[PDB]
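# please work out how this folds:
(4 chains, ligands or ions: 8)
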Amino acid sequence: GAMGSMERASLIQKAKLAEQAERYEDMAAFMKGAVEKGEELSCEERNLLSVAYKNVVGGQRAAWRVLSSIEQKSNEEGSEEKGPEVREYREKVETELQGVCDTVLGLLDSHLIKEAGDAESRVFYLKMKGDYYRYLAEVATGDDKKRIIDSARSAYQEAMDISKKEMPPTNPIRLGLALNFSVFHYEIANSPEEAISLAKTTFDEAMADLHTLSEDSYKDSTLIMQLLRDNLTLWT
Amino acid sequence: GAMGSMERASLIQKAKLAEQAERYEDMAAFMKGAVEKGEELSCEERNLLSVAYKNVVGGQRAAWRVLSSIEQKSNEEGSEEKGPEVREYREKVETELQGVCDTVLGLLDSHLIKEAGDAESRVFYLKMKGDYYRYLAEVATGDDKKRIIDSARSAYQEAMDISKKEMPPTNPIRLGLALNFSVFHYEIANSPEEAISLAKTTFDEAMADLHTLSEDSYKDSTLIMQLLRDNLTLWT
Amino acid sequence: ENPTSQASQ
Amino acid sequence: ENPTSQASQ
Ligand SMILES: [Ca+2]
Ligand SMILES: [Ca+2]
Ligand SMILES: [Ca+2]
Ligand SMILES: [Ca+2]
Ligand SMILES: [Cl-]
Ligand SMILES: [Cl-]
Ligand SMILES: [Mg+2]
Ligand SMILES: [Mg+2]
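Numbers count the residues shown, from 1 in each chain, chains lettered A, B, ... in the order given. Ligands and ions are numbered 1, 2, ... in the order given. Shown next is the protein structure:
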């Protein structure tokens, strides 16, 4: 890999610089290089990895949605034929997006998840696995769409099971996992009742645990609780 | 080139899609492919070319400024030594930026400028040449910095000479040229008095010509006049 | 590049 | 990607 000659610490330092410069593709390549050094990642390093790829794939997904909407309009009644270009360019973006998702899932499988023994790391990585299968599911249309959905579901479910046994209800990783699994139910699995029930129960259990927290931890947890509330307000 | 197999019209269509998707690197590659077909560009096509590369290089310049500022802080009295990484990554971004500028200048030299005979196209392309030499000048520090500055100046000057002979004072291309040449004087050539004088004279001559315009042309011209005014307010 | 529009985190 | 901060057009 092109980062094989760079020190692990230098890769982490440059990932942080790339974040400050809003150069998220560089940031992701630096963190990919750091992961490929073969050592486990610290809490801060896991978050750098997540931030980098979230921004890269987030932009690809936003572009894909723009192009898919144009493509759908072109297929309505009365739309003038414009040739293959819209489909071609949506496919190009889609393929690039799938490639990034495959890269992230490859890092998780070789070998981040299998070495991750603490709840905070294992849940973090399993949530990522669910997220990137969910992004694949958003664009899937063929023989494997159901298997892609079930891969997302399975990763989220394992993360939920660990997080409920090993973390308090206000833990930000647990909360962000529940938020995204609830979005999976609503947006991917055609299960809006499950999405609402999960978001509400997660919110209420966290509310009841806030009294145990410092001011800084309270701020961290309530921020994500507000995201659960925003979704419930949108969905109900 | 990787776009050699795609129809010119398809490249233009996909450039417009990439703009809607905010995929400016794709947009630039599509327009580069269109230019390399060897036909002259229409007014709309010239603007697509400019928009694409302005966004690509604009983001690189913003990143370079972030990194250069961090690098400068690291060289102050009392800053802890952190190794070569900041310099290395600033150099990486700088090199990528210079490569994009060289690509644009190459398109202008092979062969957009030499075929451009109408004032609107010739001034447009010469302004671009000035702009991309100005971006090179912003990061230049060696034996050729003066020659890079003079290349920017020379391109702007030829564009100004044509625009004053061949275009009305409210022409948006003429106005945007004068705006950017005034910024060249202020930011690159250490000539703030020249920058202010050019901006003021450009503004005043355009003001006196507004009465000749339709409502839509008036809107186009006053928008750029406001940018001249904003700079004068900042500079005086 | 991540938008702010999505329901996820 | 072009910022809005610069004095140029
Ligand atoms: Ca080492
Ligand atoms: Ca371990
Ligand atoms: Ca052809
Ligand atoms: Ca010609
Ligand atoms: Cl394409
Ligand atoms: Cl580097
Ligand atoms: Mg029709
Ligand atoms: Mg010290």
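
# could you list the buried residues of stretch A:80-100?
A:85-87, A:89-90, A:92-94, A:96-98, A:100 (16 or more other C-beta atoms under 10 Å in any protein chain shown). Any C-beta I mention is one placed from the backbone N, CA and C, and that applies to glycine too.

# which one of these is nearest residue A:151?
Closest to residue A:151 out of those is residue A:98 (13.7 Å), distances taken as C-beta to C-beta.

# element containing that closest one?
According to DSSP states H and E, residue A:98 maps onto helix A:85-107.

# elements contacting that helix?
Counting contacts by 3 or more C-beta pairs under 8 Å, 6 or more residues apart in numbering or on different chains; DSSP states H and E, helix A:85-107 is packed against helix A:24-35, helix A:43-74, helix A:119-139, helix B:8-20.

# pull the contacting residues for the residue nearest to the spatial centre of chain A.
Central residue of chain A (C-alpha atoms, centre = their mean): residue A:131, 3.6 Å from the mean position. Taking C-beta atoms under 8 Å, 6 or more residues apart in numbering or on different chains, we find residue A:131 in contact with A:152, A:180, C:8.

# of these, buried ones?
Restricting the contacts of residue A:131 to buried positions leaves A:152, A:180, C:8, with burial counted as 16+ other C-beta under 10 Å.

# how close does the residue located most distally from the centre of chain A get to ligand 6?
Of all residues in chain A, residue A:78 has its C-alpha farthest from the mean position, at 38.0 Å, by C-alpha atoms, centre = their mean. As judged by C-beta to the ion, to the nearest Å, residue A:78 and ligand 6 stand 52 Å apart.

# what strand or helix carries the closest residue to ligand 5 within chain C?
Nearest residue of chain C to ligand 5, counting by C-beta to the ion: residue C:1, 19.4 Å away. Element membership for residue C:1, per DSSP H and E: none, as it lies in no helix or strand.

# repeat that for the one 5 residues further on.
Secondary structure assigned from DSSP H and E places residue C:6 in neither a helix nor a strand.

# what's the burial count for residue 4?
Answering for chain A, as no chain was given. Counted with other C-beta atoms under 10 Å in any protein chain shown, residues neighbouring residue A:4 total 8.

# nope, chain C please
Neighbours of residue C:4 using other C-beta under 10 Å come to 5.

# could you do residue A:53 as well?
26.

# now swap in residue A:106 and tell me
Number of residues near residue A:106 (other C-beta under 10 Å) recorded here: 13.

# that one and ligand 5: what is the separation?
Where ligand 5 is concerned, residue A:106 sits at a distance of 25 Å (C-beta to the ion).

# kindly report the same for residue A:24.
Distance of residue A:24 to ligand 5, given as C-beta to the ion: 22 Å.

# how about that residue: what's its closest non-neighbour residue?
residue A:55 (3.8 Å; C-beta to C-beta, 6 or more residues apart in numbering or on different chains).

# right, and that neighbour touches residue A:100 too?
No - proximity of residue A:55 to residue A:100 does not meet the contact threshold set by C-beta atoms under 8 Å, at 10.8 Å.

# who touches the helix or strand hosting residue A:153?
Using DSSP H and E, residue A:153 falls within helix A:145-166. For helix A:145-166, the external contacting residues (C-beta under 8 Å, 6+ apart) are A:119, A:122-123, A:126-127, A:129-131, A:133-134, A:136-137, A:140, A:171, A:173-174, A:177-178, A:180-181, A:184, A:188-189.

# which strands or helices does the helix or strand following that helix pack on?
Sequence order places helix A:172-187 as the next helix or strand after helix A:145-166, per DSSP H and E. Other helices and strands packing on helix A:172-187, by 3+ C-beta pairs under 8 Å, 6+ apart, are helix A:119-139, helix A:145-166, helix A:192-209, helix A:215-235.

# buried sites along the last one?
Residues of helix A:215-235 classed as buried under the neighbour-count rule (16+ other C-beta under 10 Å) are A:220-222, A:224-225, A:227-228, A:231.

# do the same with the longest one
Neighbour-count burial for helix A:145-166, counted by 16+ other C-beta under 10 Å, picks out A:148-149, A:151-153, A:155-156, A:158-160, A:162-163.

# one more: stretch A:173-190?
Buried, per 16+ other C-beta under 10 Å, within stretch A:173-190: A:173-189.

# contact partners of that stretch?
Outside stretch A:173-190, the residues within contact range by C-beta under 8 Å, 6+ apart are A:120, A:123-124, A:127, A:130-131, A:134, A:137-138, A:149, A:152-153, A:156, A:159-160, A:163-164, A:167-168, A:191-192, A:194-196, A:198-199, A:202, A:206, A:221, A:224-225, A:227-228, A:231, A:235, C:6-9.

# can I get the buried ones among the contacts of residue A:131 in CSV with distance to residue A:18?
Listed next are these as CSV, based on distance: C-beta to C-beta, whole Å:
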residue, distance to residue A:18
A:152, 28
A:180, 24
C:8, 23
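
# residue B:61: which of those is nearest?
residue C:8 (31.7 Å).

# report the contact partners of the closest one.
Contacts of residue C:8 (C-beta under 8 Å, 6+ apart): A:131, A:179-180, A:183.

# and which of these is nearest residue A:104?
Residue A:104 has its nearest neighbour among these in residue A:131, at 8.6 Å by C-beta to C-beta.

# what sits closest to whichever residue of chain C sits closest to ligand 4 if chain neighbours are left out?
Nearest residue of chain C to ligand 4: residue C:1, at 38.9 Å (C-beta to the ion). Spatial nearest neighbour of residue C:1, excluding adjacent residues (C-beta to C-beta, 6+ apart): residue A:59 at 2.7 Å.

# that neighbour - how many residues pack around it?
With neighbours defined by other C-beta under 10 Å, the count for residue A:59 comes to 20.

# got the contact list for it?
The neighbourhood of residue A:59, defined by C-beta under 8 Å, 6+ apart, consists of A:24, B:22, C:1-3.

# most neighbours among these, which one?
Result: residue A:24 is most packed of the contacts of residue A:59 (other C-beta under 10 Å), 22 neighbours.

# list the contacts for it?
Contacts of residue A:24 by C-beta under 8 Å, 6+ apart are A:18, A:51-52, A:55-56, A:59, C:1.
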